[PDB]
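Q: Here it is, the structure, as structure tokens.
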Amino acid sequence: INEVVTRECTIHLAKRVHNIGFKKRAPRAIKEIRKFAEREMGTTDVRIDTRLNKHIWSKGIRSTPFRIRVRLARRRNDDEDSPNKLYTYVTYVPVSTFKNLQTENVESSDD
RNA sequence: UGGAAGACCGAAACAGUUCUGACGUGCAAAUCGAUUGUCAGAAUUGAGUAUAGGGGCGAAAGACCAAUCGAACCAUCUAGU
RNA sequence: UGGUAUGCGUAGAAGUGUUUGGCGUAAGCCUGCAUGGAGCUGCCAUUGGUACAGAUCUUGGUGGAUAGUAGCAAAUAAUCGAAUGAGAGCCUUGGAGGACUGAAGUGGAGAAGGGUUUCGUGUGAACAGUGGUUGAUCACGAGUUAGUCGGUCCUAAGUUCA
RNA sequence: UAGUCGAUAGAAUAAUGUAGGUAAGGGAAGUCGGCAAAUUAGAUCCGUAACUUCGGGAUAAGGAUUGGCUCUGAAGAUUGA
RNA sequence: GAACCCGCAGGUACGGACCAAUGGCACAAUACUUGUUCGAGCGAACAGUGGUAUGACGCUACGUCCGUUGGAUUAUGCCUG
RNA sequence: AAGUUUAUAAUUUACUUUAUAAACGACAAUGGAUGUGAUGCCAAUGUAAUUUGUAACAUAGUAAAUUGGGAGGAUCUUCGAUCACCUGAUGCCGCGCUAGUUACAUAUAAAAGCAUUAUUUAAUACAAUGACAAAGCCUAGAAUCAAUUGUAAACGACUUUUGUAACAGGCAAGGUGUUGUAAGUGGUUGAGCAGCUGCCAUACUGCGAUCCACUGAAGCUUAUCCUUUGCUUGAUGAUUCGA
RNA sequence: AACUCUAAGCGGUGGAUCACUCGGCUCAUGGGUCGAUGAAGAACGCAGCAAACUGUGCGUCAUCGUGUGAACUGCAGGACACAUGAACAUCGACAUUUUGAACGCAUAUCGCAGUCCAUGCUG
């Protein structure tokens, strides 16, 4: 049951990050953004964009942005077929002031 | 004003005070941390070089002389008793 | 080992595994079966480097500890992630990204030392107490050009010796 | 800047550790012993003993003060009017 | 001169709980602050938790709360004999 | 001398209680059996590693079945959604009959064996268990792993979890905290300072810690906060177990 | 169940045991054969392919002469020159590096002279 719908989802990193050892704070942030992505889209195959890279990592490892605005896009696995016909594509939509945003159901496929 | 001193605090440097700490089948047949002595001179040190076994060298502990010193190491006497 | 059974023997010797059967109080013996491949044994005398469980024995091998318990922990230490491959956190690598040593350097040169270790290419097992396509590994090639820099020469401490 | 990011890693991040800290109130009662730890520390100013070989003791003791901004003064060089 | 059982309240020592208050710790939370870096600024990063003031979910103290009631019968006092 | 009882006279729920008379006077007895609801080894009138079958007489005298209702019982025990007892009703298979005495007939028995125990039985009876193909009745779980909670924890384990809803999870929102007034913008707030000065009042243009207003704000909020007709999303893996 | 124990079969692990051996060991026998005419030993470079062993020295895995008479051999260049010779032995003719007694002097230097003869260049 493929679905292949894209929505821009909400993650508060800070709680997950809380009391985890520094320097492992954002190797845990990336892993947890995958964990959230995997729970939402149901697809084990999580890909994280190179735009997503820089937005966690700008403010260097001790001060990971407490709340992050996520774009989660469930897409079809093309060539050399993974056992999971789906993959989720995770990118950051560049906002400095994420709070107050509830998740919205349309990103049109070919951005 | 000047800038003396085997002067003092303390780096590089050298050493190893106390924890009688870590380690102590370790990284290491002597290391590691903290702490600390000394640091312009009887200082620190490289290379070349001299001194060789019952000998040397010793700011002298019987310390050290190639992880070895109350007499090195190696072979032989020696399958010593 | 001398003699002997006109001994046995590649048609399977010796060796050896062996809930084969049996003998002897035992030391030990024979035989079957399987394996084997090139030589061997009984008896009478004859000689010994002659029989092993040990000697904090020797030498080689192997267990329990323990397919994992010590550990592989100091210098924070990664990480997104593109490429490739049999496999890729490192090691292959860009881009990116967190930092490190913090010019008294984990830098840039040389001596003392090293000895091909430098470098390209190939790149697998072993090695890198982890992986490892990569390396100071492993395989295959190349490279160190001087009248002026050192050695050379010179003397020192000191030495070789007519 | 140049060079690293290799010190096998991940998840958990238990006890006990190690290495680094903090702890009211009391404040060495602890212990062999203030060991370990803490206080103290730079600078400028003020003040400064016993004792003394008159050099020191001395950073004695005991006190004050230190940011930022905004002003002000002092401290030099050279020709010219 | 019975601090003597009935009766009453408190504490001690021991033990077990519990974190509300109060106190302790640091979220490397928030602020402030120094040194440096991001052109400055915001907001951060680095000083292996940078320091300092405050400091919650949470843990935990020195904090507080809770710790039963009979029989058998010893010692012993006794009946009847 | 502790004591088992009977009976008469009383007495009682209780071989209890009272008086009279006796009695097994820890005898020998008694302790196996009164098999004490008089078992067996009987039924079998030939009792048997065959079963007996069939006739009469008279005495004693036997019983086979079913259903309903009312009350009762259970201390480690072979079926507490079980087994009784009593009472009433229904009918009729007459299925059995036994003991005594007596009639009639017969298979086993003649198991060779003269040494019959030896290697030492099983038709049968009763009790349990089985299950090949098949047959006759009844009924349609969960556990554990993954994922999940934190009340739990080194790891297992413990405690929670998963119905398009009592949902569960990630947010945003709100409550609750914590710190202490953000950015940005405006103000001569502001000791002051530079630099240009008019045909006349004079000043302005920048700089300036900090203050004020927007701003009891901004940030942070529990992961081990509380809450949600708000948002979106999940709802789609593994193994094994029986009387 | 799993594991453990005990035994057995089979597979590993491991190289004992046996049988073999161009070697070792000991006794006996014959001979006397290093060197300034430059030794023994060392270093160095050498095979078509070699890195060693072994062989050799710049003529480098070997050359004359002599004997025999067709290989070497892993692959090959070769093989031809098998009748004048392979290849091995013999090895009496030569070569026999840099050294080392080691000899011009030295040697953490393959370093530095002198002399005679000789060559090229320049003249």
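Residues in the structure tokens are numbered from 1 in each chain, the chains being A, B, ... in the order shown, and ligands are numbered from 1 in the order shown.
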Report as a list in words the set of chain A residues whose atoms approach chain F to within 8 Å, with distances computed over only C-alpha atoms (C1' of nucleotides).
A: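 Matching residues, ligands excluded from the count: residues 9, 10, 11, 12, 15, 16, 17, 18, 36, 39, 40, 99, 100, 101, 102, 103 and 104 of chain A.
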Q: Can you write just those residues out, N, CA, C and O atoms, as a compact mmCIF listing (two decimals), in the first residue's frame?
A:
```txt
# COMPACT_ATOMS: atom_id res chain seq x y z
N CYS A 9 6.18 17.83 8.26
CA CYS A 9 5.96 17.35 9.58
C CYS A 9 6.85 18.05 10.57
O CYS A 9 7.66 18.94 10.26
N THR A 10 6.53 17.84 11.84
CA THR A 10 6.90 18.64 12.99
C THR A 10 7.71 17.75 13.92
O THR A 10 7.31 16.63 14.23
N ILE A 11 8.88 18.24 14.40
CA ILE A 11 9.69 17.46 15.33
C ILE A 11 10.24 18.43 16.37
O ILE A 11 10.79 19.49 16.03
N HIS A 12 10.03 18.09 17.66
CA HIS A 12 10.76 18.83 18.68
C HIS A 12 11.91 17.93 19.11
O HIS A 12 11.72 16.90 19.77
N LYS A 15 13.62 17.33 23.42
CA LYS A 15 13.31 16.31 24.43
C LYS A 15 14.10 15.02 24.26
O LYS A 15 14.62 14.45 25.21
N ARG A 16 14.29 14.58 23.01
CA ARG A 16 14.99 13.39 22.59
C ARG A 16 16.47 13.53 22.86
O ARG A 16 17.18 12.61 23.33
N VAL A 17 16.99 14.77 22.60
CA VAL A 17 18.36 15.26 22.80
C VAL A 17 18.63 15.36 24.29
O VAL A 17 19.79 15.33 24.68
N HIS A 18 17.59 15.51 25.14
CA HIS A 18 17.80 15.85 26.53
C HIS A 18 18.50 14.74 27.25
O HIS A 18 18.05 13.61 27.30
N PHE A 36 11.95 9.21 13.48
CA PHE A 36 10.66 9.91 13.35
C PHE A 36 10.11 9.67 11.94
O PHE A 36 8.92 9.40 11.82
N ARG A 39 8.80 6.17 11.42
CA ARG A 39 7.54 5.96 12.15
C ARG A 39 6.45 6.54 11.34
O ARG A 39 5.42 5.91 11.16
N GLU A 40 6.63 7.77 10.76
CA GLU A 40 5.61 8.50 10.00
C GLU A 40 5.26 7.92 8.67
O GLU A 40 4.09 7.83 8.30
N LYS A 99 8.28 27.52 15.35
CA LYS A 99 7.11 27.48 16.22
C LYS A 99 5.83 28.04 15.63
O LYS A 99 5.84 29.04 14.92
N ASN A 100 4.70 27.45 16.04
CA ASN A 100 3.31 27.75 15.65
C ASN A 100 2.85 27.13 14.37
O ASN A 100 1.76 27.40 13.90
N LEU A 101 3.72 26.29 13.74
CA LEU A 101 3.38 25.69 12.48
C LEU A 101 2.95 24.31 12.67
O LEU A 101 3.76 23.41 12.88
N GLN A 102 1.63 24.07 12.46
CA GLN A 102 1.08 22.77 12.18
C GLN A 102 1.26 22.29 10.74
O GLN A 102 1.20 23.07 9.80
N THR A 103 1.58 20.99 10.61
CA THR A 103 1.90 20.20 9.47
C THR A 103 0.93 20.27 8.33
O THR A 103 -0.27 20.03 8.53
N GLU A 104 1.42 20.52 7.10
CA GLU A 104 0.59 20.68 5.93
C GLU A 104 0.87 19.65 4.84
O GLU A 104 2.00 19.38 4.45
```
Q: Do you have, as a tab-separated table, the list of residues of chain A lying at most 9 Å from chain C, each with its nearest atom pair and that distance in Å to one decimal, counting only C-alpha atoms (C1' of nucleotides) and ordered by chain then number?
A:
```
residue	atom	partner	partner_atom	distance
A:22	CA	C:76	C1'	8.8
A:23	CA	C:76	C1'	7.1
A:24	CA	C:78	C1'	7.7
A:26	CA	C:79	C1'	7.9
A:27	CA	C:79	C1'	6.1
A:30	CA	C:80	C1'	8.5
A:48	CA	C:80	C1'	7.8
A:49	CA	C:80	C1'	8.0
A:50	CA	C:80	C1'	6.6
A:52	CA	C:80	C1'	8.1
A:53	CA	C:80	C1'	5.0
A:54	CA	C:97	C1'	7.2
A:57	CA	C:97	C1'	6.5
A:58	CA	C:97	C1'	8.3
A:60	CA	C:98	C1'	6.5
A:61	CA	C:98	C1'	6.3
```
Q: Up to 12 Å from chain A, what residues of chain E turn up? Count only C-alpha atoms (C1' of nucleotides) and give them as a PDB file with C-alpha atoms (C1' of nucleotides), in the first residue's frame.
A:
```pdb
ATOM      1  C1'   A E  26      23.370  20.369  37.800  1.00  0.00           C
ATOM      2  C1'   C E  27      19.520  20.657  32.632  1.00  0.00           C
ATOM      3  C1'   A E  28      26.246  22.205  30.316  1.00  0.00           C
ATOM      4  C1'   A E  29      18.247  25.152  31.033  1.00  0.00           C
ATOM      5  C1'   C E  38      31.583  34.270  13.400  1.00  0.00           C
ATOM      6  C1'   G E  43      22.000  34.243  17.924  1.00  0.00           C
ATOM      7  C1'   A E  44      25.842  31.071  18.812  1.00  0.00           C
ATOM      8  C1'   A E  45      30.652  28.235  18.751  1.00  0.00           C
ATOM      9  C1'   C E  46      35.576  27.275  21.229  1.00  0.00           C
ATOM     10  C1'   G E  48      37.363  18.733  26.861  1.00  0.00           C
ATOM     11  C1'   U E  49      30.507  21.192  31.486  1.00  0.00           C
ATOM     12  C1'   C E  57      11.171  17.215  35.127  1.00  0.00           C
ATOM     13  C1'   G E  58      14.493  14.127  38.481  1.00  0.00           C
TER      14        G E  58
END
```
Q: Could you please tell me, as a list in words, which residues of chain D have an atom within 12 Å of chain A when using only C-alpha atoms (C1' of nucleotides)?
A: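 So the residues of chain D near chain A are residues 10, 11, 12 and 13 of chain D.
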Q: Take the residues just selected and output them with N, CA, C and O atoms (P, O5', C5', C4', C3', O3' and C1' of nucleotides) as a PDB file, in the first residue's frame.
A:
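In the end it all went to part_4.pdb:
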```
ATOM      1  P     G D  10      30.745   5.431  18.338  1.00  0.00           P
ATOM      2  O5'   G D  10      29.541   4.448  18.147  1.00  0.00           O
ATOM      3  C5'   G D  10      28.594   4.624  17.108  1.00  0.00           C
ATOM      4  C4'   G D  10      27.494   3.606  17.242  1.00  0.00           C
ATOM      5  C3'   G D  10      26.566   3.773  18.459  1.00  0.00           C
ATOM      6  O3'   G D  10      25.609   4.845  18.200  1.00  0.00           O
ATOM      7  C1'   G D  10      27.173   1.634  18.362  1.00  0.00           C
ATOM      8  P     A D  11      25.039   5.622  19.419  1.00  0.00           P
ATOM      9  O5'   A D  11      24.243   4.505  20.209  1.00  0.00           O
ATOM     10  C5'   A D  11      23.016   4.004  19.629  1.00  0.00           C
ATOM     11  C4'   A D  11      22.406   2.953  20.538  1.00  0.00           C
ATOM     12  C3'   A D  11      22.224   3.351  21.989  1.00  0.00           C
ATOM     13  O3'   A D  11      21.059   4.149  22.150  1.00  0.00           O
ATOM     14  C1'   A D  11      23.159   1.131  22.016  1.00  0.00           C
ATOM     15  P     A D  12      20.879   4.989  23.460  1.00  0.00           P
ATOM     16  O5'   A D  12      20.264   3.935  24.460  1.00  0.00           O
ATOM     17  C5'   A D  12      20.369   4.144  25.862  1.00  0.00           C
ATOM     18  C4'   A D  12      20.708   2.863  26.653  1.00  0.00           C
ATOM     19  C3'   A D  12      21.335   3.240  27.994  1.00  0.00           C
ATOM     20  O3'   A D  12      20.300   3.544  28.953  1.00  0.00           O
ATOM     21  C1'   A D  12      22.752   1.493  26.908  1.00  0.00           C
ATOM     22  P     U D  13      20.346   4.953  29.662  1.00  0.00           P
ATOM     23  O5'   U D  13      21.703   5.045  30.322  1.00  0.00           O
ATOM     24  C5'   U D  13      22.293   4.132  31.241  1.00  0.00           C
ATOM     25  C4'   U D  13      23.807   4.145  31.047  1.00  0.00           C
ATOM     26  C3'   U D  13      24.507   5.294  31.799  1.00  0.00           C
ATOM     27  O3'   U D  13      25.680   4.839  32.460  1.00  0.00           O
ATOM     28  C1'   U D  13      25.171   5.539  29.574  1.00  0.00           C
TER      29        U D  13
END
```
Q: Could you please write out, as a PyMOL selection string, every residue of chain A that DSSP assigns to alpha helix (DSSP H)?
A: chain A and resi 14-17+27-41+50-57
Q: Could you name the residues that touch stretch 63-66 of chain D at 10 Å or less, counting only C-alpha atoms (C1' of nucleotides), but leaving out those on the same chain fewer than 6 positions away, as an MDAnalysis selection string?
A: chainID D and resid 43:47
Q: Rounded to one decimal place, report the atom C1' of residue F:122-atom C1' of residue F:49 distance in Å.
A: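 Between atom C1' of residue F:122 and atom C1' of residue F:49 the gap is 5.3 Å.
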Q: Using atom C1' of residue C:17 and atom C1' of residue C:58 as the two end points, give the distance in Å to one decimal.
A: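 Between these atoms lies a distance of 29.4 Å.
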Q: As a PyMOL selection string, please: every residue in stretch 34-98 of chain A that DSSP puts in strand (DSSP E).
A: chain A and resi 46-48+67-76+86-92
Q: What is the distance between atom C1' of residue F:17 and atom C1' of residue F:4, in Å to one decimal?
A: 18.4 Å
Q: Report as a list in words all protein, DNA and RNA residues lying within 12 Å of residue E:22, evaluated on only C-alpha atoms (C1' of nucleotides), omitting residues in the same chain fewer than 4 positions from it.
A: residues 24 of chain D; 61, 62, 63 and 64 of chain E
Q: Just the selected residues (N, CA, C and O atoms (P, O5', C5', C4', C3', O3' and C1' of nucleotides)), exported as a PDB file, in the first residue's frame, please.
A:
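Final output, saved to again-v9.pdb:
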```
ATOM      1  P     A D  24      28.504  23.675  52.241  1.00  0.00           P
ATOM      2  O5'   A D  24      27.272  24.273  53.060  1.00  0.00           O
ATOM      3  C5'   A D  24      26.329  25.057  52.322  1.00  0.00           C
ATOM      4  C4'   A D  24      24.887  24.965  52.811  1.00  0.00           C
ATOM      5  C3'   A D  24      24.633  25.155  54.294  1.00  0.00           C
ATOM      6  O3'   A D  24      24.419  26.541  54.621  1.00  0.00           O
ATOM      7  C1'   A D  24      23.643  23.088  53.744  1.00  0.00           C
TER       8        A D  24
ATOM      9  P     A E  61      18.538   9.911  51.118  1.00  0.00           P
ATOM     10  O5'   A E  61      18.720  11.302  51.872  1.00  0.00           O
ATOM     11  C5'   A E  61      19.458  11.311  53.098  1.00  0.00           C
ATOM     12  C4'   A E  61      20.276  12.633  53.378  1.00  0.00           C
ATOM     13  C3'   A E  61      19.571  13.514  54.436  1.00  0.00           C
ATOM     14  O3'   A E  61      19.756  13.158  55.770  1.00  0.00           O
ATOM     15  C1'   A E  61      19.931  14.991  52.689  1.00  0.00           C
ATOM     16  P     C E  62      20.591  12.169  56.646  1.00  0.00           P
ATOM     17  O5'   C E  62      21.282  13.062  57.767  1.00  0.00           O
ATOM     18  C5'   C E  62      21.932  14.320  57.774  1.00  0.00           C
ATOM     19  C4'   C E  62      21.212  15.245  58.767  1.00  0.00           C
ATOM     20  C3'   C E  62      19.670  15.286  58.561  1.00  0.00           C
ATOM     21  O3'   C E  62      18.939  15.618  59.733  1.00  0.00           O
ATOM     22  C1'   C E  62      20.553  17.341  57.617  1.00  0.00           C
ATOM     23  P     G E  63      17.947  16.762  60.257  1.00  0.00           P
ATOM     24  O5'   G E  63      16.829  16.860  59.099  1.00  0.00           O
ATOM     25  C5'   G E  63      16.427  18.155  58.643  1.00  0.00           C
ATOM     26  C4'   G E  63      15.070  18.030  57.893  1.00  0.00           C
ATOM     27  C3'   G E  63      14.001  17.078  58.393  1.00  0.00           C
ATOM     28  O3'   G E  63      13.338  17.698  59.463  1.00  0.00           O
ATOM     29  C1'   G E  63      13.972  16.830  55.966  1.00  0.00           C
ATOM     30  P     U E  64      12.754  16.866  60.664  1.00  0.00           P
ATOM     31  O5'   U E  64      11.435  16.281  59.996  1.00  0.00           O
ATOM     32  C5'   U E  64      10.350  17.037  59.547  1.00  0.00           C
ATOM     33  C4'   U E  64       9.372  16.172  58.794  1.00  0.00           C
ATOM     34  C3'   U E  64       8.892  14.862  59.496  1.00  0.00           C
ATOM     35  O3'   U E  64       7.838  15.190  60.406  1.00  0.00           O
ATOM     36  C1'   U E  64       9.669  14.276  57.412  1.00  0.00           C
TER      37        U E  64
END
```
Q: Write out as a PDB file with N, CA and C atoms (P, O5', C5', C4', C3', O3' and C1' of nucleotides), in the first residue's frame which residues come within 8 Å of stretch 3-18 of chain B when counting only C-alpha atoms (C1' of nucleotides), dropping same-chain ones fewer than 3 positions away.
A:
```
ATOM      1  P     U B  35      47.833  20.344  38.925  1.00  0.00           P
ATOM      2  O5'   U B  35      48.633  20.329  40.257  1.00  0.00           O
ATOM      3  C5'   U B  35      47.972  20.327  41.532  1.00  0.00           C
ATOM      4  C4'   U B  35      48.959  19.833  42.571  1.00  0.00           C
ATOM      5  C3'   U B  35      50.386  20.396  42.603  1.00  0.00           C
ATOM      6  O3'   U B  35      50.473  21.678  43.269  1.00  0.00           O
ATOM      7  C1'   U B  35      50.633  18.009  42.634  1.00  0.00           C
ATOM      8  P     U B  36      51.275  22.840  42.565  1.00  0.00           P
ATOM      9  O5'   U B  36      52.768  22.407  42.786  1.00  0.00           O
ATOM     10  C5'   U B  36      53.201  22.261  44.154  1.00  0.00           C
ATOM     11  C4'   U B  36      54.465  21.415  44.284  1.00  0.00           C
ATOM     12  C3'   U B  36      55.705  22.016  43.587  1.00  0.00           C
ATOM     13  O3'   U B  36      56.161  23.103  44.372  1.00  0.00           O
ATOM     14  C1'   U B  36      55.560  19.672  43.113  1.00  0.00           C
ATOM     15  P     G B  37      57.405  24.015  44.039  1.00  0.00           P
ATOM     16  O5'   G B  37      58.615  23.075  44.162  1.00  0.00           O
ATOM     17  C5'   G B  37      59.576  23.207  45.240  1.00  0.00           C
ATOM     18  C4'   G B  37      60.845  22.435  44.873  1.00  0.00           C
ATOM     19  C3'   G B  37      61.803  23.169  43.968  1.00  0.00           C
ATOM     20  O3'   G B  37      62.565  24.128  44.724  1.00  0.00           O
ATOM     21  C1'   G B  37      61.653  20.921  43.207  1.00  0.00           C
ATOM     22  P     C B  39      66.488  28.239  40.636  1.00  0.00           P
ATOM     23  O5'   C B  39      66.496  28.087  39.053  1.00  0.00           O
ATOM     24  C5'   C B  39      67.628  27.516  38.378  1.00  0.00           C
ATOM     25  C4'   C B  39      67.317  27.377  36.912  1.00  0.00           C
ATOM     26  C3'   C B  39      66.740  28.617  36.247  1.00  0.00           C
ATOM     27  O3'   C B  39      67.793  29.479  35.846  1.00  0.00           O
ATOM     28  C1'   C B  39      65.493  26.693  35.622  1.00  0.00           C
ATOM     29  P     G B  41      73.685  33.451  37.786  1.00  0.00           P
ATOM     30  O5'   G B  41      74.610  32.261  38.293  1.00  0.00           O
ATOM     31  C5'   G B  41      75.568  31.601  37.452  1.00  0.00           C
ATOM     32  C4'   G B  41      75.590  30.151  37.908  1.00  0.00           C
ATOM     33  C3'   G B  41      76.603  29.164  37.239  1.00  0.00           C
ATOM     34  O3'   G B  41      77.083  28.170  38.184  1.00  0.00           O
ATOM     35  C1'   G B  41      74.566  28.350  36.684  1.00  0.00           C
ATOM     36  P     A B  42      78.603  28.061  38.515  1.00  0.00           P
ATOM     37  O5'   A B  42      78.671  26.571  38.940  1.00  0.00           O
ATOM     38  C5'   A B  42      79.829  25.773  38.595  1.00  0.00           C
ATOM     39  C4'   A B  42      79.581  24.280  38.886  1.00  0.00           C
ATOM     40  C3'   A B  42      78.149  23.784  38.586  1.00  0.00           C
ATOM     41  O3'   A B  42      78.068  22.719  37.677  1.00  0.00           O
ATOM     42  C1'   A B  42      78.989  23.102  40.763  1.00  0.00           C
ATOM     43  P     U B  44      72.927  19.785  35.025  1.00  0.00           P
ATOM     44  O5'   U B  44      72.148  20.110  33.692  1.00  0.00           O
ATOM     45  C5'   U B  44      70.744  19.848  33.547  1.00  0.00           C
ATOM     46  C4'   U B  44      70.292  20.185  32.111  1.00  0.00           C
ATOM     47  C3'   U B  44      70.798  19.369  30.958  1.00  0.00           C
ATOM     48  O3'   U B  44      70.152  18.054  30.899  1.00  0.00           O
ATOM     49  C1'   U B  44      70.981  21.567  30.261  1.00  0.00           C
TER      50        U B  44
ATOM     51  P     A C 104      56.235  29.706  18.229  1.00  0.00           P
ATOM     52  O5'   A C 104      56.771  28.594  19.213  1.00  0.00           O
ATOM     53  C5'   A C 104      57.487  27.453  18.602  1.00  0.00           C
ATOM     54  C4'   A C 104      57.744  26.343  19.638  1.00  0.00           C
ATOM     55  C3'   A C 104      56.496  25.539  20.120  1.00  0.00           C
ATOM     56  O3'   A C 104      56.728  24.142  20.270  1.00  0.00           O
ATOM     57  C1'   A C 104      57.698  26.439  21.920  1.00  0.00           C
TER      58        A C 104
END
```
Q: Excluding residue A:34 and residues on its chain fewer than 5 positions from it, collect all residues at most 9 Å away from it, counting only C-alpha atoms (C1' of nucleotides), and give them as an MDAnalysis selection string.
A: chainID A and resid 29 39 44:48 90
Q: Excluding residue E:59 and any residue of its chain fewer than 3 positions from it, enumerate the residues within 12 Å of it, using only C-alpha atoms (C1' of nucleotides), and give them as a PyMOL selection string.
A: (chain E and resi 19+24-26) or (chain F and resi 224)
Q: Can those selected residues be exported to a file as a PDB file, in the first residue's frame so that it contains N, CA, C and O atoms (P, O5', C5', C4', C3', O3' and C1' of nucleotides)?
A:
```pdb
ATOM      1  P     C E  19       7.585   9.724  46.923  1.00  0.00           P
ATOM      2  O5'   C E  19       7.632  11.307  47.042  1.00  0.00           O
ATOM      3  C5'   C E  19       8.470  11.880  48.055  1.00  0.00           C
ATOM      4  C4'   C E  19       8.618  13.377  47.883  1.00  0.00           C
ATOM      5  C3'   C E  19       9.104  13.895  46.509  1.00  0.00           C
ATOM      6  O3'   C E  19       8.693  15.267  46.357  1.00  0.00           O
ATOM      7  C1'   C E  19      10.981  14.224  47.992  1.00  0.00           C
ATOM      8  P     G E  24      20.796  24.759  49.703  1.00  0.00           P
ATOM      9  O5'   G E  24      21.387  23.350  49.366  1.00  0.00           O
ATOM     10  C5'   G E  24      22.487  22.813  50.116  1.00  0.00           C
ATOM     11  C4'   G E  24      22.857  21.399  49.568  1.00  0.00           C
ATOM     12  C3'   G E  24      23.173  21.320  48.056  1.00  0.00           C
ATOM     13  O3'   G E  24      24.475  21.795  47.785  1.00  0.00           O
ATOM     14  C1'   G E  24      21.787  19.553  48.745  1.00  0.00           C
ATOM     15  P     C E  25      24.743  22.591  46.472  1.00  0.00           P
ATOM     16  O5'   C E  25      24.626  21.482  45.322  1.00  0.00           O
ATOM     17  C5'   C E  25      25.455  20.352  45.398  1.00  0.00           C
ATOM     18  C4'   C E  25      25.166  19.348  44.275  1.00  0.00           C
ATOM     19  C3'   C E  25      25.059  19.940  42.899  1.00  0.00           C
ATOM     20  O3'   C E  25      26.430  20.045  42.395  1.00  0.00           O
ATOM     21  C1'   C E  25      23.085  18.501  43.100  1.00  0.00           C
ATOM     22  P     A E  26      26.708  21.109  41.276  1.00  0.00           P
ATOM     23  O5'   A E  26      25.752  20.640  40.106  1.00  0.00           O
ATOM     24  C5'   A E  26      26.253  19.589  39.241  1.00  0.00           C
ATOM     25  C4'   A E  26      25.425  19.406  37.923  1.00  0.00           C
ATOM     26  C3'   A E  26      25.547  20.527  36.907  1.00  0.00           C
ATOM     27  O3'   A E  26      25.567  20.014  35.595  1.00  0.00           O
ATOM     28  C1'   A E  26      23.370  20.369  37.800  1.00  0.00           C
TER      29        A E  26
ATOM     30  P     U F 224      11.751   8.954  29.119  1.00  0.00           P
ATOM     31  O5'   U F 224      11.192   9.414  30.530  1.00  0.00           O
ATOM     32  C5'   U F 224       9.794   9.190  30.765  1.00  0.00           C
ATOM     33  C4'   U F 224       9.378   9.815  32.114  1.00  0.00           C
ATOM     34  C3'   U F 224       9.266  11.324  32.195  1.00  0.00           C
ATOM     35  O3'   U F 224       8.131  11.733  32.941  1.00  0.00           O
ATOM     36  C1'   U F 224      10.844  10.496  33.877  1.00  0.00           C
TER      37        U F 224
END
```
